[PDB]
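Right, one structure below, let's go through it.
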Amino acid sequence: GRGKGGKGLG
Amino acid sequence: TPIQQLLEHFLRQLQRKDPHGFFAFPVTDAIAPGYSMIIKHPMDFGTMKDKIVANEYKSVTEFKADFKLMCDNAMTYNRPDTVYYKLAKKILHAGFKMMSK
């Protein structure tokens with residue numbers, strides 16, 4: 001769960 | 001004071017290196033589970049912009065320390081194979097090269 005919610009491709 | 005426009009420029013250039021705006025605002029625990037348990041001193045570009053426009057930076061040294069804090073917190077929280085860790089590493093290097101004579 002150690003991470004951003006989104007993939008950051010946008 | 002003599003550094004206000006210089007820091008405004010540095011901030012604008014550093015933000016151009018983050019076109020997605022991943023460093024634009026504070027990371028919350030809803031966005032990043034457990035973030036406030038791992039990161040003791042959060043920072044982001046918006047907080048940096050507020051400090052500039054408030055005349056809160058007394059030197060280029062102080063400004064660079066907040067930029068490095070921002071990138072170090074991203075490299076500590078996020079795994080190395082992530083876009084977030086990779087951007088933080090890249091912009092840290094490039095940004096300091098820009099800001100250092």
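Residues are named by chain letter and number: chains run A, B, ... in the order of the structure tokens, numbers start at 1 in each chain, and ligands are numbered from 1 in the order shown.
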* Mind checking which residues fall within 9 Å of residue 60 (chain B), counting only C-alpha atoms, ignoring those fewer than 5 positions away in the same chain, and posting them as a count of residues only? => 5
* To do: Could you please tell me, as an NGL selection string, which residues of chain B have an atom within 12 Å of chain A when using only C-alpha atoms?
  => :B and (18-23 or 27-38 or 74-87)
* Close residues, residue 44 (chain B) itself excluded, 12 Å, only C-alpha atoms, min 4 positions apart in chain, as a ChimeraX atom specification -> /B:11,14-15,18,21-28,48-51,63,66-74,88
* **Spatial neighbours of residue 97 (chain B), max dist 12 Å, only C-alpha atoms, sep filter under 6 positions, as a VMD selection string** => chain B and resid 10 14 64 90 to 91
With N, CA and C atoms kept, could you save the residues just selected as an mmCIF file, in the first residue's frame?
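Okay, this is what ended up in again.cif:
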```
data_model
loop_
_atom_site.group_PDB
_atom_site.id
_atom_site.type_symbol
_atom_site.label_atom_id
_atom_site.label_comp_id
_atom_site.auth_asym_id
_atom_site.auth_seq_id
_atom_site.Cartn_x
_atom_site.Cartn_y
_atom_site.Cartn_z
ATOM 1 N N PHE B 10 13.754 30.697 -10.301
ATOM 2 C CA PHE B 10 14.136 29.324 -9.985
ATOM 3 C C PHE B 10 12.860 28.474 -9.794
ATOM 4 N N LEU B 14 11.832 25.219 -12.010
ATOM 5 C CA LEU B 14 11.775 23.925 -11.406
ATOM 6 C C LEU B 14 10.402 23.302 -11.608
ATOM 7 N N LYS B 64 17.123 26.334 -1.710
ATOM 8 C CA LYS B 64 17.642 24.988 -2.139
ATOM 9 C C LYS B 64 17.376 23.883 -1.126
ATOM 10 N N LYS B 90 15.617 12.855 -10.790
ATOM 11 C CA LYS B 90 16.026 13.608 -11.969
ATOM 12 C C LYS B 90 16.001 15.122 -11.750
ATOM 13 N N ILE B 91 14.894 15.614 -11.137
ATOM 14 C CA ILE B 91 14.729 17.084 -10.981
ATOM 15 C C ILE B 91 15.634 17.570 -9.865
#
```
* **In region 9-87 of chain B, DSSP alpha helix (DSSP H) residues written as a PyMOL selection string** => chain B and resi 9-16+35-38+45-53+60-77+83-87
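You will find CA of residue 4 (chain B) at 15.5 Å from CA of residue 47 (chain B).
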* **Distance of CA of residue 93 (chain B) from CA of residue 16 (chain B), expressed in Å to one decimal place** =>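 Between CA of residue 16 (chain B) and CA of residue 93 (chain B) the gap works out to 14.5 Å.
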* Asked: So which one's closest to residue 9 (chain B), B:61, B:52, B:94, B:41? Using only C-alpha atoms, please.
  ->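 When distances to residue 9 (chain B) are compared using only C-alpha atoms, the smallest one comes from B:52.
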